Structures are given as C-alpha cells and as structure tokens.
Amino acid sequence: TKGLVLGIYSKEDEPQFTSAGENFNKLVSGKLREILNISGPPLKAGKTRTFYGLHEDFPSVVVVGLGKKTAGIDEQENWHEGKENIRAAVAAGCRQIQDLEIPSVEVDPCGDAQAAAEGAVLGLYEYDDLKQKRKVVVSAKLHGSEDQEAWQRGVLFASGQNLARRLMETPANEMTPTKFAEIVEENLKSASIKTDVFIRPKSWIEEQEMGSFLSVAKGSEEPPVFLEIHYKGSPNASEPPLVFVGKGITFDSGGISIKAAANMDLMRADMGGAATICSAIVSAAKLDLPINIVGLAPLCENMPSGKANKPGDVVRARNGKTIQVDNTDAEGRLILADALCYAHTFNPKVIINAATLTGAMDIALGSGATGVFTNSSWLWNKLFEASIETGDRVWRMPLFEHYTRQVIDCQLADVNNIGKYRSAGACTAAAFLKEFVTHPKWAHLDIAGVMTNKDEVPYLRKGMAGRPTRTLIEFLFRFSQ
Amino acid sequence: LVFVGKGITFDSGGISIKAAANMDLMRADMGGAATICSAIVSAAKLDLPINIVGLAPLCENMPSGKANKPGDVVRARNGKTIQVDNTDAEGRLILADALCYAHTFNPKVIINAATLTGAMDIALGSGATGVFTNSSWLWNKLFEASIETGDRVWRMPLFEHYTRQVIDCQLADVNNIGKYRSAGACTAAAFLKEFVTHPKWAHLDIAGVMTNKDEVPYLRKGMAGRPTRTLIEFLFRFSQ
Amino acid sequence: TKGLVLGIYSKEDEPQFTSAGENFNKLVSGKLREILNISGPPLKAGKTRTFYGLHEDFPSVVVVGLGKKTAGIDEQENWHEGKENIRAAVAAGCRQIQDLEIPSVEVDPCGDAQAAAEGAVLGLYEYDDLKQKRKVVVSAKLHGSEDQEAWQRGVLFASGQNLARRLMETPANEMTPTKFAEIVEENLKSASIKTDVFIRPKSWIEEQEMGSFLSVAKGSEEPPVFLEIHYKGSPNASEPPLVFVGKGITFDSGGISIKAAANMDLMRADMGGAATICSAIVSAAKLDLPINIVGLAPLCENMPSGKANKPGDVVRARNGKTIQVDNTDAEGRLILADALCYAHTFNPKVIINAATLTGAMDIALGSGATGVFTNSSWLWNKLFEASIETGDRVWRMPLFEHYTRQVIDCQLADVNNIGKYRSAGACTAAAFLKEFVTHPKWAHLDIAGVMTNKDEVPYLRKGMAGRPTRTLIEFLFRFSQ
Ligand SMILES: [Zn+2]
Ligand SMILES: [Zn+2]
Ligand SMILES: [Zn+2]
Ligand SMILES: [Zn+2]
Ligand SMILES: [Zn+2]
Ligand SMILES: [Zn+2]
C-alpha cells in the first residue's frame, strides 16, 4: 500500500492546499476538504492529521500543516523559514506513515521539492542496527514527476547528514579508527571514480613528525589512522583544493584527566568532526561538484593506561612548536594541531576544520547554532549564507588576541593546551588552533553543542544529529558555482 | 532613550545559595546599575542634547524565613506569571518588572545591562560584553561605539529556540531558568524578550567583563566598570 | 460536538469490539470495522486510532486497544491487569479528544465502568491554573445508562486523586499551611454535613506540648497550622475512628542542612502526605462510607533563618522523649513524632500515616510501589489487597529492631533524628517513627518515590501524581464493608 503526505497552509474562507493537495481533493470529489473540515481545528505548522480510505491506492493520507505560504527569510532567526516549515511538516507526516508500518510514501513537494525530500529522509532516519526490534524502513518518493532533480538533490543532502548521524551514533568499539576509515573509503568510492583514499598507518604518521597526535594516541591499544580523502572534481587537476579537517576521536574518556562517568557514552560522538567533513565530501562527489577537495581526519581513541599522556607533558607538534599538555582531556586541540599543519602542504584555497571541541560551546550557544571562529569575513559570509538555506545555523565567535595571550602561558612550552583561566574556553581553544595556521582563510567550527538532538530541531529523532553537514555541502555547492 | 540596570547589591543566591568560594564578588551584582547610571552622569556632564531616563531596581538577594522558594510563582507587572525554579536567577525577575515600566516612557530605544550570567563568562570571558538585540540598527551603533573605546561588544543570538526552552508551562507562563543547562546566556536573554514589546531593545550581559585581572592593561586588578565608555560614546554619537 | 471513545481487544478472524463498539459498528452499517481494517495494524493495549465523519453526532471516534479480554489479576505484578488496561486505554482515547479541542466525550465502559471513569478523569486532568495558555477542559460522560453507579464511583475515586495532584502541584507560596487547611475544609464540608474541621493555630499547638513540630516551624515566618479533620460517618457516634496522619511540609528547603539547588522546586510537594490522606477522607465522605475517620496534618514550612533549628539541637516531643536533630532536613520525622502521639488520644482502631519521607525510598522502589512499614500483617494484607484493585501498588518494607538500634544512638537524646550510618534510610526513618507509636496496628507509607509521574503510569500526565490516594479510598471502602 502507499501512504500520501499532503500539505496545507495556515489560514479567506479555506486555508489553501498545495497544488498536489488541491488536485487530490478534486480526484476524491471534494471528500478530503470535507473530512478535513468536520475533523477538528485547522492544522498549524508541523501539525498532522491522518485520514483513511479516501482512495484505493492511498488508504492513509496524512495532511500536514506548512505554516504561512508567504514565509521567507527571517531576518531575526537567520534562516529561510518556509523551508524549515516544509522539512518539519513533511518529517511529521512521514513518521505517521511509518508508525502505521506502511512501506512506501508519496510526498507532496510542497513548493520546494528539495526541502520536502530533506524532511522525509531526515525525518524517517533511525539507527536501530544492533537492535533485534527494528522499525519498518519506508521509502519516500516524490509525488509527481515535475521536479525530480530538486527532490533528488534534497535526498542527497539529507543522506550526507544521515551518514554522519550513523557514523556518530555507532558505539566506539564498533566504530574504531580503521573501521571508520573503511566506511568512508567505501562510501566515497561508490560516490565517484574521481577519488583517492589513503588510510595512513602509525608508521606514516610517525614519519610525518606528528608528535601531538601520536601522544594522544599512545595510551590506547587501538591503532590510530590518518585518513586522507581526495575528491578531484575540478577540470583543472592542479586547481588548489579546499581542505576540510576533522577531529576524529573515536572515544574520549579524558585520559588521565578522566571524564566524570555521567553520560560519558556520548563521547563515542567525539569523532563528529570527522563524520561531518567526510560526509560532506561524499555528498560533494555524489553531486559531481567541479572542485578539488581534500579531507583530513586524524583518528584515534583517548584512554587512561600506563603509557598515556600525563598532565604537564610537553609534546612537539609537526611545526616544531612545543605544547604543554596541562589537561589530557584537551586532546582534540593536540590532534588538530598536527593535521592543520599538514593541511598547508596542499596549498589550499580554504582550510575549514570541524570538531566537537568544547563543552564551553554548548554553554555558549547550546545547539541553536554551531560556532565559527574565522580569520576571514569572506569565509564567514559564505558559511552564514549557506546556513540561511539549510536552516542549520552558524554564529560567529571572536578570534581575539586576548584569548591567545591566555594560552601563550610559556612555563615549559611555546603554547599551553588549556587556557590559563576557565573563562572563554571555546575562545581560548580556537586561539590555540590559530597558533598552527598561517593561512589567510581558515574557519574553525565547534560542533560540540549541536552534537545531539533531543527535541530542538523537529525533523530529527532524538539521537546524534549529524550537524552542520548540509551547511558544508551547501557551502561547497555555492563555491563550485 | 531608557537605560535599565540590574541593581542586586549583594547576591547570595537566596535559597538556591551560592557556593562560598569567591562569593564576595557578588557585591558587584549591581554592576548593571553602576554602568547605566555612570553613563547618564557622564551624558549630563557632557551636555548631550537628548532625553535619557535611567531605571535601576535595587535590592539584595538573601536566604531567610521569608525568602523566595524554588517553585514559587510570582506575577510580573504585565500580569505574566513566572515560575522561580532557581532563586539565583533573580536579576531576570527584577528586570522583568523594570523592563515593563520602561515602556511607560514611550522610549526611542531600551538598553538594559546586567551581570546576568556566568554563562556569558564561559562564552566570551571578558574579551567582549555580549549583546542580544532584536535590532541590527542598535547592534551597529553599539558595535561602532566600541570600536572607538576599545571596550568591545559581540552580538549573541536571540533565537526562538532558546525561548521554547523557557516557555516550559508547568505552573507558569514562563520559567525563570531554561529547561536544559545549555546556552544559559541565550535562554536568560530569551526570558527578558518575554517582557519587551519594543522594536529596539538591547540586552547587555556584563558578567564576564565585571572584573579585571591583567586583560586590559590600563586598569588595575579589581572591579572594571565595563562597558561604561561604550555606552557614553553610543549616546555621544546618537545625540549628533 | 461529541467525541466517542470506543475500545477493541487484541486478537479468530476479527479482534473483538466491546458491546458498545460492536453496537456502534451496526449503527454505521459496518463502516467502523471497514475503516479499522483498511487503516493499518491491529491496535494493541493503550494504542489509539482516530476516525472522522462516521456519524453525525460523533465527528471524532477514537478506537482504543484494551489488550486481552481475558486479563485478570497478575500474580507476578500484583494488580488486576485488565483494569490497568482499561484506565490506560481510555485516558489515551480521551486525550486524543482533548487535543482536537472537542468539549465532551462519551466513553465506552469497556466492561468496567469504574476503571474507564478513572482512566478518563485521570487522563484528562491538568493543572494549568496560573497559566494564560489553558487546555480545553472536556467533560467525560458514560456512553450509555447501564452502570452509572460504577461510572460515578470511578469518577469519585479519580477526583480524590486529582485533588491531591492539584494540592501537591500548586507552588508553595500559594499553597501555604492555612491555604491548604482552607481548601481541605471547603472540600470536606461540600462532601458531607457529617464533618468537623479544626484549623488549629500556633497557640493550640504550643498548649499541646508539640515541641518537635514547633521546632521545625519556627525558622519560617509562615504561621504553622495543625489540621484536624473529622468525618463522623458511623451510625455509632462512639465507634473508634481510623486515623490518618500526613506530613504537611509545604516547602522543604532543608533548613540549615540546606538542600542542593537542583530540582528543589519539587519540595512544594513535601506535603504530599497531607494531600493524600485528606483527599481520601474527602472521597470517603462523598462516598458516605459508614465509618468514623479523623485526619491529622501538621502543616508548616522548613526554612533557614536566624531562628531555625540547628544541627545538634535537642527538642522534646509530646510524649516527653528528647530527639537530637542531627540533620534539619530530617524534619518530617520530627513533625510526625508529635502528630502520631496525638493520634493515640482518639482511641483509634487503626493509625495510618503518609509522608514523602525519604529519597531512600525512591532509590529502593522508585515509583513502582509505595513502601509500607507496618507492625501488623492484617493491616498489610488489607492495604496490599486494596492496591491489587487500584493498580497503585504497595510493597512491604521491614520493621526490624536492627534499624531501631541505629537510631537509639543516645549521645544527647533518647532518639536521633537520622540513623547512625547512611544505609537503610527508609528503614531507619520508619524505625524512628515506631518510637512514637504504641498502637498494635500502625502503617507508615513512604510516598517519596511515587510523588512524581514522568511516563511510568500511562494515564497520568507528567507532573505531581497524587499516589497512593485510591489505595487508601479502596482500603476504607472495603473496611466499611
Ligand atoms: Zn577530550
Ligand atoms: Zn575530545
Ligand atoms: Zn543570582
Ligand atoms: Zn544576580
Ligand atoms: Zn526535609
Ligand atoms: Zn521533608
């Protein structure tokens, strides 16, 4: 059987159906509006109502509130409101169809086939892999034939996100460093033949003088990996690549500066930064975006042991700078210090890194937006514009020499791994990373607060969220224009 | 133009009592009143040709046998009920009535200042004071004002996302603390938005720029008086 | 308009409707089963499905899964399963009718009019009093005329509970000691003319030598009250009363042993014990139960101040025993010590007290059951049997001299207010109270873990739960037989 998701707008006499809803109402000789009318209150945005037996092929029709037809970019909220309405409403419709165990659903494009595809595929996603109680996986399809490219591009963007949620969600004993490197490799090679994957072993990592990455890694028995992803999509094979770097800690216990036990299981998602940048690169190659992109993810685990990093140790990063490890839980900093050095080798046009770096970001913006520190207002503008379309917001945070001073604490080393005071922890972790970039166009995104979803963005179940993957794909999309 | 300032003259936390460590700095919880009143004294010394009202609710927040209890529902001047879930989120409560009264004056602009939240300190920690504003015009004038004074301002988001977190019904129209711990500056500001209907309001969270240690060199270590010159400079330029 | 809630049983060909569902299906010429059939999967227990436009008078019909028709008493779970199924299913049906803002609902009795009334009235309850956003309050009515007494007795039992949730939920600055005493007075006097209410002031309380109650009270500015409720429902006016005692702390801050800030707002519900026993007595008088019942609730607030109780103080209870107050947050103990002395004055047949005494009860049984300590297996049996009918369980906990030894710590006093070790805190708080009863039939119910509902019992919204009020009404009901 099929289910049909149909949208309507908020209230004229009648609140308007979409063209597809209106066309369905004519095909059932006015029944759909009749029952909608005797059924109760007008549906508002994100609200659904389900009707049965109106048509032989659609035993379940779910009508969904899209909000005001007029909705556009909201200057205060910094997103396109209308598309947010369409993702929210279609996900709520689709999820009613899966609770009735119906295996396929025709979705009305609602005026924007791309965001309706994104609502349906985000909305229906689940991670029930290691459970014996799995949900019915239903397959969403565009209702109609008129903008199947826009539907399929949304399908594409919502899967990139879903790959990243899956990557993040999987338990750390399953998603080890080589296992993640293998999933990404497999996915990237299915995306395009214009790809190259290098799963670099410890041997290579130590030939590259990556001392601060290697010192995080040694306290675990799990072999680290340096994952080098290439998408050569430019016609000019010598066109300078954009490089994405991502913190891939596959589990963070804290090391010897050990984490509290409460809710420590969420640190399986400390490789969110690698999940995010690698999924956006798989999507860019599926999209055959005409640009060269390198992806760099140092993968390792941070564990207490008799060979772990000790508070006070001084390690040497690939640029020769010494780093005093004052707290072993400020490990991503260390990892990214070498990876951001290596990023420069590629002669990049742009360097963007992503990391679940700091609980300070969560106290600061708590999932309303991911924080970005950038030395370039041009980069800031392109990322900000990219998030107005996706609804997955970005908010700029300061790169002031003020926070740098706080981490240039000599004592034994050139730089300290944690700021001198507790204040502005996101700001001093970003200033730490500035010490390893000499590039005029670098952006640091702190993903820690947008790592999980509970109820905040309606089209995502409660779980690891995969954010800001579509802001990154959209940024690449527009850049390759 | 009306300036409003949190004047808690000492904050112990009430029954949600503060930890003992470094509690002496809450003598500076009236920093918001100190800041807006000093800028108005300076504007009148400067004979700036504008009308300015300053509004500072002054009181102390102490545990006693008549103190506010966690869970109480109080009624603000606009009739909204407010569930006091934590008595240490008191400035919120104080400013809720004062920002109602601010509207009586038919103001061109409403700016309030408060040492509201240690979350601001975790967020920007004295590199800048945080400002939440429903107007980019206000943001631009304040930002420009701080380029001259060196005493920086950094915009922070007023998203309905943080509002949802504080519109927790349970007993009241609004809760006094956000549902989750995340984004505490952002949900305290969204709480205050519930009491303004004015198209040009700015909320400055002064908590992280309250003290100086070594960060801005021309100030000894002590209570810093920030962002007073950004405010005087903003008034200066406005009266041009 | 009306909504109709109709139940069906789990699966024969067809899963069976109730008589009312079956009768409605005949009135719509087979439409209801037809649409039920094309609509999706068979409803299981507590699941609902809503159908629109089957009949002019019922634009919304909500069909609800009752589980197996055969369900009876479950030996492992210690409740009547079937009635639990009916409360759960009818509440879920009724709440669909309120989300559509329909103001009245006909409810199918489902084979047990009493539990269907209880599901509907519990299910629909809300506490939105001080909000400007209130829900539509819908009015549930029995579908039919055949067992309107059973429907109305369930209405009665579910309101007693709802009075107690409301009492518990209200903020402590509104529900002060005289305000609560006034609500209870007003309600009891509407229940019967066979009632007497005494709101005893401080003056009386100090003439009665109630030193340990008075020492909790003095640290707050709010005047304490001793509430004495009488329901003379026996034909023999000299028939010995059953007495119910309840801890009425209207807000507990901890005093000088001050509570942590986190979630302290829930201590507005520390008068749950008074709420519970007073609501059961209002219900017993509405039910014109032929017995004499006295209700005793010491009401006060526990606050830090310059006149509050100090850790180490020795106070004197009404029986002359000294009590060392080692921790001021073990105040209910102190309050109940005088009230349980006074209870003996009444020459009672039975003494039952209820108190949100101990977070140790919550660690022990955590809302699966309220804990009862009783020196009588006869009392235990009657309470246990009473909870098999209501589904609101009771679990016996030990009154061993082992826990008594732990609190007979002399040092300055006859008894200490907290046990010597942290272990068995519910057990040593109950052993403390045993020191003030000389009656052969006393039961202590520790209500702390069943104080709130989140998701655990389906027919209650998330909030203060009013438990175990119907176990108490049911116990009185059977006793007066
Ligand atoms: Zn860490
Ligand atoms: Zn980490
Ligand atoms: Zn405070
Ligand atoms: Zn304060
Ligand atoms: Zn207590
Ligand atoms: Zn208590």
# chains A, B, ... in the order shown; residues from 1 in each chain; ligands from 1

$ closest_atom_pairs --of "chain B" --to "chain A" --cutoff "7 Å" --atoms "only C-alpha atoms" --output "CSV"
residue,atom,partner,partner_atom,distance
B:119,CA,A:363,CA,6.2
B:121,CA,A:423,CA,5.6
B:122,CA,A:423,CA,4.6
B:123,CA,A:364,CA,4.8
B:124,CA,A:424,CA,4.7
B:125,CA,A:424,CA,4.4
B:127,CA,A:402,CA,6.2
B:134,CA,A:76,CA,6.8
B:159,CA,A:77,CA,5.7
B:161,CA,A:368,CA,6.2
B:182,CA,A:363,CA,4.6
B:183,CA,A:366,CA,4.4
B:184,CA,A:363,CA,6.3
B:185,CA,A:364,CA,6.9
B:186,CA,A:365,CA,6.8

$ residues_near_ligand --ligand "ligand 5" --cutoff "9 Å" --atoms "only C-alpha atoms and all ligand atoms" --output "ChimeraX atom specification"
/C:249,251-255,257-259,267,270,302,327-333,357-358

$ select_by_dssp --residues "region 10-194 of chain B" --states "strand (DSSP E or B)" --output "PyMOL selection string"
chain B and resi 10-11+53-55+58-61+72-75+81-84+110-114+129-133+153-155+174-175

$ select_by_dssp --residues "chain B" --states "helix (DSSP H, G or I)" --output "count of residues only"
90

$ residues_near_ligand --ligand "ligand 4" --cutoff "6 Å" --atoms "only C-alpha atoms and all ligand atoms" --output "MDAnalysis selection string"
chainID B and resid 11 29 90:91 116

$ residues_around --residues "region 228-235 of chain A" --least-positions-apart "5" --cutoff "12 Å" --atoms "only C-alpha atoms" --output "ChimeraX atom specification"
/A:181-182,184-189,191-201,204-205,240-246,274,277-299,339,342-343,346,476,480-481

$ interface_residues --of "chain A" --to "chain C" --cutoff "8 Å" --atoms "only C-alpha atoms" --output "PyMOL selection string"
chain A and resi 35+38-41+51-53+59-60+100-102

$ closest_residue --among "C:381, C:404, C:276, C:411" --to "residue 446 (chain C)" --atoms "only C-alpha atoms"
C:276

$ residues_near_ligand --ligand "ligand 3" --cutoff "12 Å" --atoms "only C-alpha atoms and all ligand atoms" --output "ChimeraX atom specification"
/B:6-19,23,25-30,59-63,84,86-94,114-118,176-177,188,207

$ write_last_selection --atoms "C-alpha atoms" --output "mmCIF file, in the first residue's frame"
data_model
loop_
_atom_site.group_PDB
_atom_site.id
_atom_site.type_symbol
_atom_site.label_atom_id
_atom_site.label_comp_id
_atom_site.auth_asym_id
_atom_site.auth_seq_id
_atom_site.Cartn_x
_atom_site.Cartn_y
_atom_site.Cartn_z
ATOM 1 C CA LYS B 6 20.140 45.169 37.377
ATOM 2 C CA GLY B 7 20.990 46.518 40.846
ATOM 3 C CA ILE B 8 21.367 43.475 43.066
ATOM 4 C CA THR B 9 23.619 44.901 45.788
ATOM 5 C CA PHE B 10 24.658 41.567 47.022
ATOM 6 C CA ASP B 11 23.703 38.233 45.639
ATOM 7 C CA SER B 12 23.953 35.301 47.946
ATOM 8 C CA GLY B 13 21.776 33.118 45.677
ATOM 9 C CA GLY B 14 18.917 33.074 48.154
ATOM 10 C CA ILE B 15 17.789 29.536 48.999
ATOM 11 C CA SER B 16 19.452 28.332 45.851
ATOM 12 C CA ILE B 17 22.595 29.516 47.780
ATOM 13 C CA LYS B 18 25.816 30.264 46.049
ATOM 14 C CA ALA B 19 28.982 28.265 46.781
ATOM 15 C CA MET B 23 31.142 34.876 46.737
ATOM 16 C CA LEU B 25 32.454 39.350 44.117
ATOM 17 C CA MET B 26 28.624 39.436 44.136
ATOM 18 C CA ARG B 27 28.863 42.868 45.784
ATOM 19 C CA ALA B 28 29.328 43.664 42.072
ATOM 20 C CA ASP B 29 25.937 42.235 41.008
ATOM 21 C CA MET B 30 24.710 45.831 40.771
ATOM 22 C CA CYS B 59 17.782 45.169 46.288
ATOM 23 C CA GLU B 60 19.671 42.418 47.953
ATOM 24 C CA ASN B 61 19.135 38.597 47.351
ATOM 25 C CA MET B 62 19.361 36.782 50.740
ATOM 26 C CA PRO B 63 18.191 33.418 52.373
ATOM 27 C CA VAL B 84 11.024 30.856 40.111
ATOM 28 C CA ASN B 86 16.049 28.689 40.997
ATOM 29 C CA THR B 87 16.266 31.723 43.283
ATOM 30 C CA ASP B 88 19.771 32.592 42.000
ATOM 31 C CA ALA B 89 18.152 33.551 38.635
ATOM 32 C CA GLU B 90 16.900 36.668 40.383
ATOM 33 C CA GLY B 91 18.091 39.545 38.118
ATOM 34 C CA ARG B 92 15.863 38.061 35.406
ATOM 35 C CA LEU B 93 12.928 38.599 37.796
ATOM 36 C CA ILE B 94 13.909 42.095 38.715
ATOM 37 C CA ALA B 114 23.144 43.149 33.880
ATOM 38 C CA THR B 115 25.825 40.888 35.374
ATOM 39 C CA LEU B 116 23.321 38.213 34.499
ATOM 40 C CA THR B 117 25.007 35.021 33.804
ATOM 41 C CA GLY B 118 28.265 33.138 34.471
ATOM 42 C CA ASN B 176 12.924 31.567 35.353
ATOM 43 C CA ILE B 177 15.658 29.144 34.263
ATOM 44 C CA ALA B 188 18.227 34.242 30.090
ATOM 45 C CA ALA B 207 29.025 39.240 33.876
#

$ residues_around --residues "region 461-469 of chain A" --least-positions-apart "4" --cutoff "6 Å" --atoms "only C-alpha atoms" --output "list in words"
residues 161, 164, 165, 169, 276, 280, 451, 452, 453 and 454 of chain A

$ residues_around --residues "region 440-442 of chain A" --least-positions-apart "2" --cutoff "8 Å" --atoms "only C-alpha atoms" --output "VMD selection string"
chain A and resid 349 to 353 374 to 376 379 437 to 438 444

$ residues_around --residues "region 110-113 of chain B" --least-positions-apart "3" --cutoff "6 Å" --atoms "only C-alpha atoms" --output "list in words"
residues 2, 3, 4, 5, 32, 201, 202, 203 and 204 of chain B
